[PDB]
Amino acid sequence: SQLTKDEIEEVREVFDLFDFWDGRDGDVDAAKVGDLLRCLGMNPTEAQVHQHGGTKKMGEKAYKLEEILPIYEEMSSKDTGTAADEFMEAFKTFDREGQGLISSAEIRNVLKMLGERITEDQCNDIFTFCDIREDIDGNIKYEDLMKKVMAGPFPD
């Protein structure tokens, strides 16, 4: 338990960037804890972010670097953050023919209709960014999508 010196230096780094953008004053608007946390490598669900301090609209609450540190490590206590393993069993729930292909109409339906719904815009972005193409009707390889998404925007 308790973060390390380097871990702290890291949070601080992301942290400084964030308070810089909403006005360098040592505070980061609570409506940015999730984004902040994502920049530290984590992948929090909205339920997690709200149970840990996030708010919806700006101007409500603010956090110092020292307050965010404990939020970061509590957050990182959860282990079902999700594995390739898990994402795979889930896509197959939808894999009608068991080849590993899924209509991009459907995945996008899943992503915008189920769970913590995603925006039309966000779906296009992640598909463009991971460079995942659909064929005539030799659709989307859902594992291709999973790996690139899990690999991040900056591969190498």
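All residue numbers refer to positions in the sequence shown, first residue = 1.
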task = Return whichever of 28 to 36 and 92 to 100 has the greater mean Cα B factor according to the PDB record.
result = 92 to 100
query = Should the higher mean CA B-factor in the entry be assigned to 63 to 71 or to 112 to 120?
reply = 112 to 120
request  = Check where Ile8 lands among this chain's C-alpha B-factors and tell me if it's the lowest, middle or highest third.
outcome  = middle
note = Of the three thirds of Cα B-factor ranks in this chain, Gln48 occupies the middle
note = The third of the chain into which the C-alpha temperature factor of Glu134 falls is the highest
message = Is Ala105 in the lowest, middle or highest third of its chain when residues are ranked by C-alpha B-factor?
response = middle
